[PDB]
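None of the figures in this text is laboratory data; all of them are computed from the coordinates on show. Cβ sites come from the backbone with ideal geometry, for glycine too, and all protein chains shown count toward neighbours.
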Ligand SMILES: [K+]
Ligand SMILES: [K+]
Ligand SMILES: [K+]
Ligand SMILES: [K+]
């Protein structure tokens, strides 16, 4: 499922930094119960950066086993070398995931033609649906609407998570792609605006701690009831901002711990424990949302 | 050494995308003859992003073998995960390299405290000298002078490659570190300016194809002969700019092939072959520098 | 009238640089006939910068005389000194204009508190409605939503022309102001998006040459018929971009001359005549819009 | 001269907002005693934006009278309209000023060809030496090195105040102009660096309150004594930063009052009185420099 509120799920860890199965089960049950549309497993918010390939596959497989067919799972699968991206994607074929979230090559700053070849080749070598992920603040490269237009013609490239926060991209892309191509916000603070402009949903950090309100907001937006969705969005707006007061997923993991959703807020270096000042800003945002 | 003209050497490839030993030997001999001070092996310009860790080590080991003690070799060794950077660096202990060029975590955008802990931990698990590498346009992370100052206190963190192109950083860092911390430019176009402000050399892309000019420029600079140095700079300025006309190392590999320094200009996806327009551009720059 | 398609009208000049009454009459008749909502006289596109105070008042008065009650007129009235802004605004009280478009102080980069005091004082000293004008690319200062919220409480401050092109500002502002506060786009390329997000109209450059299509687009947008408005917007999008291929109003004046709407395309230094390359880009945009 | 430490002098005011002759005399005597090289009268820091053209001329004439030939006086003379800049400059012909600091048109964002024609026309209608002034953060216009090169050929365009803080510009301009074109910094924080790269002095805000230190810094710099110069720079660096804690000249006028150099810190709207927090900040900077 590729519409509505999709959670960019944390990968909960014990005090040693290893994946905590009990905490993950608690999160998945929460998402099933709260009407979340799907789970992105080992995306950015899932510390894709710091898990080894074994861990990355283990977390996705554990998420699928725990979900037990109750909610669809999308795996985070990008890489900055095209042969690697292909390789890692093969490993998930027939896993039970419904799709892959594949980021633009980071660090090596490819041309638009390079991006076209990269993603075309990934898609050629799988039957899985691919969702392109554009996040220039992290990767140093910006997948432009024209190139998204070229890629949307590839049968298996089915949508984009547009994380620039630049709302002009919504209708620049829409006009170049077919009506079944999915446009998903990757910027919680601008996501309601994104849907009002014609976007189809959000791949959300805030959804980790406010799943029901996120799922209701996105349904109201889909129905056209923007004034009603905006009431919910105004209560969540402090979280949408303050979950990035320190690098993601530091604040959201601390919030999940405070709510009792995970056992510990531990992350892997170079992510650091939340500062005291951060804890206070996040807890005030949680109170604004009505969660504490 | 860690001073003068240090080449960010290309990883020359065959048509299959694997390292070409004959071409690498030819380059290394060229650098020895040209007066280059050191070689950074499998840094950014050497396609660190698209070699796997074994391929990367094979290139470094081959480069050391071929250098045969005639020219010092520094290995590119970043990772965006701290545990992984430590293992990946450990592999070169007792290899023969003289130090490591370690990049700031890319994509995950750690805090300055996070950067401090990452580099401190790397430095504690090795005896090799570490040169920090700041290139926010690629990494989405900017290692600020205050943090460099804190890290320069760690015994084996010995210098920085400052690739922002922001010349104010030279004296901001110089005032916070001891007189033997090395400051190197990572931006060819501003490197002579960077040395004029107090920097000690440059880790250069342009040096791949103008090694003698780059070494003579840097010697003059170190001797305080800036007007003289600048005449050489003006001759090379179109190269300093146009070797980034398309994403590095696309232009510089073509240039190396056009000069007879390597057998093929092949790169790995998502890097693409140079366009016709890019060729003409780089060819005019080579003509300007007197190399063609 | 402060809703719909409002034209940022050129000030047509003869070959000597003096205002051309016959050309101005032709434009005003065209706007009356084409369903434009109102005319902004001597705004940015009207070369407010280069007219002396005598000329500025003369053009507004001539525009009012020629309009003859058929279309409302808004005068451009900003200044970067608060006493001056007050002074110039007094001169239009009882003129027959319906309102003033008052820009944020340019060059001196005031604080948000400074902006608050500036605009509060202007509004205090007139009965005329004031429309705030935010255009940081021109002024060096950015009137933020919080400050717009404070100013919207002043009885006479009735709306804003938001020219950043940053579409997140629409609902940031809306939520802080009352439902009768008018939100007007000042960025033709993003103006339809702006209205879809809840904006009320556009103060438009494109409207100078495509008045009817602009007026129909804005009415469809007001009715909620965004798919229909977007068809028109897609035909106008080359003009929305290419009217800024050289500094405004250079391209739009050349376009008005090409259509026969004004006698000459003359501007005042430091605005320069359109280049040949500019003429060709603009004429292709006009053909795309169906106007040539 | 047009070299060494040149003060961008405040226009001290009474509580009514008009020039305070007693305070201006005291400042001018202070500069003569301190070794300042020249005074820029009614530039940016002198509130050029909020004086009318007569008030501006009165200040310049009073400054010359009070200077009594002891220290050269340059007048701020920009306009964003070419015809107006020419008239406004003509007024100072035979006044006694030694030259004019003429700003790039603000707000109307002319092309480089437009900037060339504007400055060329100004220079042709006067015999006074013109110093170009590039400050895109205030003007929205960036006068590029290539254009400076073209303008430096005009006999009485004699130098540039480069207030971008972009240190690469020093050598880009120096390579295109003759050895007697003057390059001055307009950014206190980077001015010593700018001189280290080949610049000839600074038009300084900090010099209002640390005139002796600034003059000694600039002498040392001109003599090649950069380490010595830098010790003075480090003492003044918090001032160089915090005199812009709130919009210039809000901090520097408060500082002048706190030092007993002027009678009141009054400014004209939209400049606002300094906040309590800003006072404490600037006071700590003054303490650091040893001036309080
Ligand atoms: K498709
Ligand atoms: K050290
Ligand atoms: K109001
Ligand atoms: K000259």
Problem set entry | Residue check for residue C:202: in contact with a helix residue (DSSP H, G or I) (Cβ under 6 Å, 6 or more places away or on another chain), outside any helix (DSSP H, G or I) and touching a residue at least 60 places away in the same chain (Cβ under 8 Å) | yes
Exercise. If we keep just the residues of the stretch A:140-168 that are within 10 Å of another protein chain (Cβ to nearest Cβ) and surrounded by fewer than 23 Cβ atoms within 10 Å (Cβ to Cβ), which is nearest to ligand 2 (Cβ to nearest atom)?
Worked result: A:140
Seminar exercise, completed: Taking the stretch B:172-188 and keeping only residues that are assigned to a loop (DSSP other than H, G, I, E, B), within 14 Å of ligand 2 (Cβ to nearest atom) and within 18 Å of the chain's Cα centre (by Cα), one is left with B:181
Exercise. Among the residues of the stretch B:257-287, which ones are part of a helix (DSSP H, G or I) and more than 28 Å from residue D:172 (Cα to Cα)?
Worked result: B:257, B:258, B:276
For this session: Please determine, by comparing only the residues of the stretch D:239-251 that are crowded, with 18+ Cβ neighbours inside 10 Å, within 14 Å of another protein chain (Cβ to nearest Cβ) and assigned to a helix (DSSP H, G or I), which one is nearest to the chain's Cα centre (by Cα).
Result: D:240
For this session: Go over the candidates C:165, C:78, C:96 one by one and state the one that is in contact with a helix residue (DSSP H, G or I) (Cβ under 9 Å, 6 or more places away or on another chain), more than 16 Å from ligand 3 (Cβ to nearest atom) and under 26 Å from residue A:188 (Cα atoms).
Result: C:165
Exercise. How about the stretch A:169-188: which of its residues are out of contact with any helix residue (DSSP H, G or I) (no Cβ under 8 Å at 6 or more places or on another chain) and either within 16 Å of ligand 4 (Cβ to nearest atom) or more than 14 Å from chain C (Cβ to nearest Cβ) (or both)?
Worked result: A:180, A:182, A:184, A:186
Seminar exercise, completed: Flagged in the stretch A:46-100 as within 14 Å of chain B (Cβ to nearest Cβ), buried (at least 18 other Cβ atoms within 10 Å of the Cβ) and outside any helix (DSSP H, G or I), in numbering order, are A:47, A:51, A:76, A:78, A:79, A:80, A:81
For this session: Among the residues of the stretch D:13-29, count how many are within 29 Å of residue D:229 (Cβ to Cβ) and buried (at least 19 other Cβ atoms within 10 Å of the Cβ).
Result: 2
Problem set entry | Scan of the stretch A:106-129 for residues that are more than 21 Å from the chain's Cα centre (by Cα) and within 13 Å of residue B:272 (Cβ to Cβ), ordered by number | A:108, A:109, A:110, A:111, A:112, A:113, A:114, A:116, A:117, A:120, A:121
Exercise. Any idea which residue in the stretch A:156-182 is farthest from ligand 1 (Cβ to nearest atom), counting only those that are free of Cβ contacts under 8 Å to residues at least 24 places away in the same chain and within 20 Å of residue C:227 (Cβ to Cβ)?
Worked result: A:168
Exercise. Mind checking whether some residue in the stretch D:136-151 is more than 20 Å from the chain's Cα centre (by Cα), within 19 Å of residue D:83 (Cβ to Cβ) and away from ligand 1 (no atom under 16 Å from the Cβ)?
Worked result: yes
Seminar exercise, completed: With criteria (1) in a helix (DSSP H, G or I); (2) away from ligand 3 (no atom under 16 Å from the Cβ); (3) under 28 Å from residue C:228 (Cβ atoms), residue C:138 comes up short on (3)
For this session: Please state which one of C:221, C:207, C:229, C:191 is surrounded by fewer than 24 Cβ atoms within 10 Å (Cβ to Cβ), part of a helix (DSSP H, G or I), more than 10 Å from chain A (Cβ to nearest Cβ) and touching a helix residue (DSSP H, G or I) at 6+ places or on another chain (Cβ under 8 Å).
Result: C:229
Problem set entry | Subset tally (residues that are touching a residue at least 40 places away in the same chain (Cβ under 8 Å) and touching a strand residue (DSSP E or B) at 6+ places or on another chain (Cβ under 9 Å)) for the stretch C:35-61 | 13
Exercise. In this structure, does residue A:43 turn out to be under 23 Å from residue B:247 (Cβ atoms), surrounded by 17 or more Cβ atoms within 10 Å (Cβ to Cβ) and within 14 Å of chain B (Cβ to nearest Cβ)?
Worked result: no
For this session: Only residues that are away from every other protein chain (no Cβ under 12 Å) and part of a loop (DSSP other than H, G, I, E, B): list them for the stretch D:101-129, please.
Result: D:125, D:126, D:127, D:128, D:129
